[PDB]
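In: For now just these chains, pulled out of the complex without moving them:
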Amino acid sequence: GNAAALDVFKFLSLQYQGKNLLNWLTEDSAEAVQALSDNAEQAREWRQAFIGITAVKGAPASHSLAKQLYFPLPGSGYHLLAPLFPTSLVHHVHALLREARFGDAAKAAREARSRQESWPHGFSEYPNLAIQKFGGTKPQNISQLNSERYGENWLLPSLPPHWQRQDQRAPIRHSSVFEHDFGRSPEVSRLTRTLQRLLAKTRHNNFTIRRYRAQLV
Amino acid sequence: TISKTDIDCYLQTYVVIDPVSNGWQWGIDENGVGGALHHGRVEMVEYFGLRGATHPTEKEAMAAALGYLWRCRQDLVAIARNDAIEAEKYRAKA
């Protein structure tokens, strides 16, 4: 909505024992005379004006700058397929990615690794994230959730394996190319070192580790 | 009030500790993932191998790696401090 109007939502989300029964305040009984302690008519009027405008549509539109892309049907025909941005889902994914790093469990389980220990559990890293900042200087124009997560799309990588691996060289110097400039290649080293890590282990659960040892070769 | 261990929480993932035939060699990881197979890339010193002394105990090699990170590569310490500030700002939020 309008950025000047967001104080109304800040009043609705005033967590007096929950903001779900106040923003969608359909089940209020004592709050009515608290909205207007002068009458009972304008109290019900303000209650309807607050809870009625939070479910309204108008008309379906996409104002010539949104996306709408054809989809080929099986026999013949098309559907227009105008997509939208799923801000609750992008909120929930960003909150999981914030909980896995800056949380209490990750802070506890990283201190154990700085000291080479055991502890109840482990942790994760989430590499190659990217930032896509929707609001330029003031994110209140787009969304309230775009203001709580200012800019900060927090996208996840779908890259090819060899993307940051540009190198151009010819082995004119060394005689044997398998021993030298093959292990010196950037990707082969983490295959070979993990193979040294895997070729000294237990053979009791062979059905998975032999498959991993075969796929790594 | 950010101690060296709070920065060391998020600085540790740029090192890798490989047990070798004599001991516990260490090396520096660029992507900050622990030197994994698919996502990471560990720099190799020029003989090719890890840039680390062959410490007997793993705490010694971990401390050598982390002290060399604090001493020489200050941009990685800057990334670790920028993470460590938000690590307690997130606790200040919830």
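Out: Structure received. Numbering: from 1, shown residues only, chains lettered A, B, ... in the order given.
In: what helix or strand is residue A:82 on?
Out: Under the assignment given by DSSP states H and E, residue A:82 is not contained in any helix or strand.
In: contacting residues for it?
Out: By Cβ atoms under 8 Å, 6 or more residues apart in numbering or on different chains, the contact set of residue A:82 is A:62, A:66, A:67, A:68, A:69. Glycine gets a C-beta too; all of them are placed from N, C-alpha and C.
In: 10 Å instead?
Out: The contact partners of residue A:82, taken as Cβ atoms under 10 Å, 6 or more residues apart in numbering or on different chains, are A:60, A:61, A:62, A:66, A:67, A:68, A:69.
In: In this structure the last one contacts residue A:80, no?
Out: In other words, residue A:69. Yes: counting by Cβ atoms under 10 Å, residue A:80 is a contact partner of residue A:69 at 7.9 Å.
In: Chain B: which of the contacts of residue A:82 is nearest?
Out: Nearest to chain B out of these is residue A:67 (Cβ to the nearest Cβ; 30.7 Å).
In: in a strand, that's where that closest one is, yeah?
Out: No: counting by DSSP: H, G, I helix; E, B strand; the rest coil, one finds residue A:67 to be coil, located in no strand.
In: Can you tell me the element the nearest residue to residue A:102 once chain neighbours are set aside falls in?
Out: Counting by Cβ to Cβ, 6 or more residues apart in numbering or on different chains, residue A:102 lies nearest to residue B:90, which is 3.9 Å off, once chain neighbours are set aside. Applying DSSP H and E as the criterion places residue B:90 in helix B:74-93.
In: buried stuff in that helix?
Out: B:76, B:77, B:79, B:80, B:81, B:83, B:84, B:87, B:90 (16 or more other Cβ atoms under 10 Å in any protein chain shown).
In: other SSEs contacting it?
Out: helix A:87-99, helix A:104-114, helix B:4-11, helix B:58-71 (3 or more Cβ pairs under 10 Å, 6 or more residues apart in numbering or on different chains; DSSP states H and E).
In: Run the angle between that helix and helix A:104-114 for me.
Out: 140 degrees (axes from the mean of the first three to the mean of the last three Cα atoms, to 10 degrees).
In: What lies in contact with helix B:74-93?
Out: Applying Cβ under 10 Å, 6+ apart, the contact partners of helix B:74-93 are A:98-99, A:101-104, A:106-107, A:110, B:1-15, B:28-30, B:32, B:66, B:69-71, B:73.
In: Stretch B:53-60 now?
Out: A:114-117, B:17, B:19-26, B:61-65, B:68.
In: and if we set it to 8 Å?
Out: Contacts of stretch B:53-60 (Cβ under 8 Å, 6+ apart): A:115, A:116, B:17, B:20, B:22, B:23, B:24, B:25, B:26, B:61, B:64.
In: Chain C should go on the structure too:
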Amino acid sequence: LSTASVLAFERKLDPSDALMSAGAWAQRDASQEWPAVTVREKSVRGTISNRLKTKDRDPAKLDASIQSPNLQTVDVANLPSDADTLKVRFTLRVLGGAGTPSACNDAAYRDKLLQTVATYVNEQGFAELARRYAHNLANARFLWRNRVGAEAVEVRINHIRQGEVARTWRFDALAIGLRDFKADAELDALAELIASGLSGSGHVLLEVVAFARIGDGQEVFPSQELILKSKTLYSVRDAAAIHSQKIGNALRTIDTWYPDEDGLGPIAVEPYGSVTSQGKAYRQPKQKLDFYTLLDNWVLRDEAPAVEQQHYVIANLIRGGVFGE
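Out: Same chains as before, plus chain C:
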């Protein structure tokens, strides 16, 4: 009428990275195949020559001044042992169009600025600025620490007209001082050529070579790299070089008009004119004689400052940069 939020000015007087070679005197004419001075990494063993800290002054840890060879590794550039002449070569392009910005948000301010600079060039042409640039070429101030003990310095400037020489100047850098702007016929011809390039009546690309006679085996000084070892000299294609910004700072030392006691010498042209190596900034904004106050009085309020201040303002426009709100 107000000052634009974005104001950008492109650099005129663009030099190249000045490259260093070595050879013998009386072979200055056929000095084309001269071998390039190479930076060598060496390791030295010193002592502790720094003042002791509050933690290193303990009784059991006073051994740092006692037992510390201090074990450093640096870079060093020297001359070969049968060569006493160092040759520094660069190219200098002068463009023209001194007062036209490359970016602006208000075109009324742009028309006012163009009117002001055209008023300058109509009244006061590029006669003083080109003379000062030509005197900073004629003595080898481009040779910064390479000039401070040289027995004979000679600069030689060629005009690259099509691909070859059109005019040759052969100046003695030790007869022409480093703190006064005198007069000479060939210096005036070089000033006329530089003013013709700066006004826009031609294209000027000069080849400036400079010979400093240091002596055999001595230490020559290229530019030291800034690292964001502790001593890394600068080199392009395995040959020691000086940066182009240092050469451009050598030709920008034309400012003998500032609010301090200007009987000392010329300084470089900067807004809030600063010699950070001497720690003092002349042309402070408290006294109304820095570049922004004169530019906002000349363009906005039509309050023209003195002619020397106009020279300093046009020189700061030649240097270029980011001016605005």
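In: In light of the added chain C, please revisit what packs on helix B:74-93.
Out: The contact analysis (3 or more Cβ pairs under 8 Å, 6 or more residues apart in numbering or on different chains; DSSP states H and E) places helix B:74-93 against helix B:4-11, helix B:58-71.
In: Going by neighbour count, which residues of the longest one are buried?
Out: This means helix B:58-71. Within helix B:58-71, judged by 16+ other Cβ under 10 Å, the buried ones are B:61, B:62, B:63, B:64, B:65, B:66, B:68, B:69, B:70.
In: For that helix, C-alpha coordinates in CSV please.
Out: Output of helix B:58-71 as CSV, limited to C-alpha atoms (Å, rounded to 0.1, in the frame of the first residue of the first chain):
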residue,chain,number,x,y,z
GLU,B,58,44.7,-30.8,15.4
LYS,B,59,44.4,-27.9,17.9
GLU,B,60,47.9,-26.8,17.0
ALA,B,61,47.3,-26.8,13.2
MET,B,62,43.9,-25.1,13.8
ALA,B,63,45.5,-22.4,15.9
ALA,B,64,48.3,-22.0,13.3
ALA,B,65,45.8,-21.6,10.5
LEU,B,66,43.7,-19.1,12.4
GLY,B,67,46.7,-17.1,13.7
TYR,B,68,48.0,-16.9,10.1
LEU,B,69,44.5,-15.8,9.0
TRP,B,70,44.5,-13.0,11.7
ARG,B,71,48.0,-12.0,10.9
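In: and that helix, how far from the chain's centre?
Out: 8 Å (Cα atoms, centre = their mean, to the nearest Å).
In: what angle sits between it and helix B:4-11?
Out: Angle between the axes of helix B:58-71 and helix B:4-11 is 90 degrees (criterion: the same axes, to 10 degrees).
In: domains in chain C, as residue ranges please.
Out: Under curated CATH domains, the residue ranges defining each domain of chain C are C:1-10+C:98-125+C:254-325, C:11-97+C:126-253.
In: which one of these lies closest to residue A:210?
Out: Of all the domains of chain C, domain C:11-97+C:126-253 sits nearest to residue A:210, with 49.9 Å by Cβ to Cβ.
In: Please see if that closest one touches chain B.
Out: No: on the criterion Cβ under 8 Å from any Cβ of the partner chain, domain C:11-97+C:126-253 is out of touch with chain B, staying 9.5 Å away.
In: And stretch C:316-325, how far out from the chain middle?
Out: Worked out by Cα atoms, centre = their mean, stretch C:316-325 lies 17 Å from the chain centre.
In: ditto for stretch C:68-84
Out: 26 Å.
In: Just the buried residues of that stretch, please?
Out: Of the residues in stretch C:68-84, those buried (16+ other Cβ under 10 Å) are C:75, C:77, C:78, C:79, C:83, C:84.
In: Which of the residues you listed sits closest to residue C:266?
Out: Proximity of the buried residues of stretch C:68-84 to residue C:266 (Cβ to Cβ) peaks at residue C:77, which lies at 28.3 Å.
In: Also, this goes in as chain D:
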Amino acid sequence: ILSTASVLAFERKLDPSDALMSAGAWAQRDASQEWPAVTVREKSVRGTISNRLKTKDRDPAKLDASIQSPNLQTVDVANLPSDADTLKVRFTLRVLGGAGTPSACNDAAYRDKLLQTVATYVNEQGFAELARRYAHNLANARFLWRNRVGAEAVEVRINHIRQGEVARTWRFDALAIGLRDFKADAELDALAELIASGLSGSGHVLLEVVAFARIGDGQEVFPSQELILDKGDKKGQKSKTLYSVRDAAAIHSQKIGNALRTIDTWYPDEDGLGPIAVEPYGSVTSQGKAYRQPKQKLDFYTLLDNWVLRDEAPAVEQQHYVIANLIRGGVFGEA
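Out: Now chain D, sitting on the chains shown earlier:
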């Protein structure tokens, strides 16, 4: 309150070159422009185990079997030829001037205070003492460091290069002049006056210094060694590396400069045991001791922050020492 500058830098006067080494025969000293160069060559020696062994965590069986069997080492060496009894070292030296002007400062107040103090020093007493001591270290071949320990006859020849040829020659017997005494001679005083005119800013002084040392046929000459820092300290694959520029053995320039600065005959310990070099906290680290410790108030820094800040001058010998420290140059400055 006129505190000192945070960034302070003084440049070097008396900048030498690397001393080139060549070989020849005595009484052919004067025609030494086509003399053959001394080369560094490798040799692989076989020694016995002659060192102190770490007997704390080693078994005596391996220790005994170690000190029975030999060890093999690769070591560089440089010797004279077998028809040559003379080493020649040659270098050049410029004496610049501009004694007390700093090339980097953060305060102009400290800069003008220091310039006034140094100008007061030069106006009250000239550059006569320091240049006399530098001429002493030139005329005796302390430049030839271990190549003059047991040499039979050492001769130093100093040339004043004006444009491209000689303008004044001195010839000195390096063993007639001592290594510890500072005497008075005629030609030594004329060379000291030339160095004094160089340090005064009243001329350009460029000198060519040659030294002929008569060692003997086929004996060992000693050029400088090299710090292999973090590149050969792993297992000891190469023992000794000697410094040579281009197929000719050489002495380091800072070694010649340390041979020129050995003029400090004033320090609060026993100064009668020998002159040392001018360093802040005057240090002979190879002798393992630090003369002019900062405990007693006689170092460079306490003297300079007493002189320039607090206007209390030390004795004439100590301000001679601090002017020698400014001639050597360096980085000073309080955080």
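In: and what packs on helix B:74-93, now that chain D is part of it?
Out: helix B:4-11, helix B:58-71.
In: part of a helix, is residue A:74?
Out: No: read with three-state DSSP, residue A:74 is coil and lies in no helix.
In: Wasn't residue C:208 part of a strand?
Out: Yes: counting by three-state DSSP, residue C:208 falls inside a strand.
In: For it, list the residues it contacts.
Out: Counting by Cβ under 8 Å, 6+ apart, residue C:208 touches C:89, C:90, C:91, C:92, C:137, C:142, C:155, C:156, C:157.
In: what about 7 Å?
Out: C:90, C:92, C:137, C:155, C:157 (Cβ atoms under 7 Å, 6 or more residues apart in numbering or on different chains).
In: again with residue C:250
Out: Counted by Cβ under 7 Å, 6+ apart, residue C:250 has contacts C:136, C:141, C:142, C:144.
In: Out of these, flag the one nearest to residue C:6.
Out: Among the contacts of residue C:250, and counting by Cβ to Cβ, the member closest to residue C:6 is residue C:136, at 31.2 Å.
In: and that closest one, helix, strand or coil?
Out: Per three-state DSSP, the local secondary structure of residue C:136 is helix.
In: now the helix holding residue B:90 against helix A:87-99, angle please.
Out: Relative orientation of helix B:74-93 and helix A:87-99, computed by the same axes, to 10 degrees: 120 degrees.
In: Make CSV from the contacts of residue C:208 and add secondary structure to it.
Out: Shown next, in CSV, are the contacts of residue C:208 (three-state DSSP):
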residue, secondary structure
C:90, strand
C:92, strand
C:137, helix
C:155, strand
C:157, strand
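In: Out of the residues you listed, flag the one nearest to chain A.
Out: Nearest to chain A among those: residue C:90, at 32.0 Å, using Cβ to the nearest Cβ.
In: Next, the contact list for that closest one, please.
Out: Contacts of residue C:90 (Cβ under 7 Å, 6+ apart): C:15, C:16, C:17, C:18, C:208, C:247.
In: May I have the distance across stretch B:45-52, first residue to last?
Out: The first and final residues of stretch B:45-52 sit 9 Å from each other (Cα to Cα, to the nearest Å).
In: Next, see if it gets close to chain D.
Out: No: Stretch B:45-52 is not in contact with chain D by Cβ under 7 Å from any Cβ of the partner chain; minimum separation 10.3 Å.
In: any idea how far residue C:190 lies from chain A?
Out: 47 Å (Cβ to the nearest Cβ, to the nearest Å).
In: And the residue nearest to that residue when sequence neighbours are not counted, how close does it get to chain D?
Out: In space, and not counting its chain neighbours, residue C:190 is closest to residue C:134: 4.4 Å by Cβ to Cβ, 6+ apart. The spacing between residue C:134 and chain D, counted by Cβ to the nearest Cβ, is 26 Å.
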